[PDB]
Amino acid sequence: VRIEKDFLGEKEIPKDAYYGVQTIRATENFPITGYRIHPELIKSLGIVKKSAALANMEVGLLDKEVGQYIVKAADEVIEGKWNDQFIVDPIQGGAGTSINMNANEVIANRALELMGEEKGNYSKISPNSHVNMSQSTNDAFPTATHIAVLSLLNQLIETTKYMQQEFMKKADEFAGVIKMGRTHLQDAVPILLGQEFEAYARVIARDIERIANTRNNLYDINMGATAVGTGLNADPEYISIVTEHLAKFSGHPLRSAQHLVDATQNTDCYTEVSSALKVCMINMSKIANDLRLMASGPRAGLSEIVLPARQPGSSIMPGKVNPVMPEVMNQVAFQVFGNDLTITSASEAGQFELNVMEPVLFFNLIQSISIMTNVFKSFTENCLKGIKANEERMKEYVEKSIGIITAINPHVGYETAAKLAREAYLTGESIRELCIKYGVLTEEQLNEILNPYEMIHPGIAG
């Protein structure tokens, strides 16, 4: 063990620990969810602390001898070698101070270990004085979050792109598959299954566009703002140097916000992302709702498509296969919706120079990106690639519908077309049967008029 003194007393800390009293105190204050910060935030925090230490040495404010061990220690953090050391709740008071301090202590303590000194020897390397030099909670924390969110978003985009491409392949596969379109859930007129799947592919391409556009406002960073955005006693050179580093290491084209009070007190950039992610899930949920309807059956549903069986569906009926993959998509949607409200509430709660509610906001926005990425990947691997169409059954729906009379009409004139439809609806005979029965059209004439393609695309009938 080891001891450290705080304004609240002393704490017995395990020797193997790299956190200190501040982190433990945050543990006592906020035992809220029992979760830890997402590893991408940890890696981002490492980047910030590596960038600050580096920039600080260059302008001679941090001693070159101790700064090198801070850098080396930050790199290990960036590698994810110290994730277990980050113990503070993502839902916490103090506006991210504990998260920042958690990084500061773990970085100072590894830096100390690497130069043969002892953990807790803060007179030599200080979590506050060296590791946190030139920076405030209110710049280090948000900056880390922009990096983390950006990195996570790029991922989402790649995975959403792959899913959208796979939606496009099914449209090609189903390009010629004819079915009944439905409106109000009531039979309408012929549609192609491939047109429904292209419709899914296009809304997603659009989702990809909106999500990507939200990265721009995240690129503006507030490093060098000090407490309130005024940059009081900040060195303009530290600023331009630390941003240049942060951009390189993170691999994002970060820019230093033009007005740092603006970048320090406003949280619109975050609500922008959530909104785009919400719109996306809305569309995904709807698509998932269609897939579950098309897979309904096997006998008292619609049975248009077959989903790859992904686990036994019933614990007392060995047979039936539920659409579990689309089901989990729906549940992620409802999650993202709920997260969006929490983010909306947190953003509006900002006061004067700081929004103290960012911890809960950042936990929800990170959660949404991650869980969307996750279901997206899983759903495309385990469902979307293997979806198969029941072409024969969907064809039978077409031959038996009243809707085909819409393609037949212009060839037969309005009066008789309506009498054929009325007769077919009431007797349960197909329109074809009646057209041939009353000698109104031939078997050959109807075969050309009921062409799957001409029925589902514009064009003058004659």
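In this text, residue numbers run from 1 along the sequence as written.
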*Between 26-34 and 59-67, which has the higher average C-alpha B-factor in the PDB entry?*
59-67
*In the PDB record, does 105-113 or 146-154 carry the higher mean Cα temperature factor?*
105-113
_Sorting 96, 326, 127, 338 by Cα temperature factor from the record, which one lands on top?_
127
*Highest-ranked of 79, 89, 348, 173 once sorted by CA temperature factor in the record*: 79
*Position of residue 382 among the chain's modelled residues by C-alpha B-factor, lowest, middle or highest third*: middle
*Sorting the chain's CA B-factors, does residue 73 end up in the lowest, middle or highest third?*
highest
_Assigned third (lowest, middle, highest) for the C-alpha B factor of residue 165_ = middle
_Per the entry's values, where does residue 367 land by CA temperature factor relative to the rest of its chain, in the lowest, middle or highest third?_
lowest
*Record-listed C-alpha B factor of residue 259: chain third*: middle
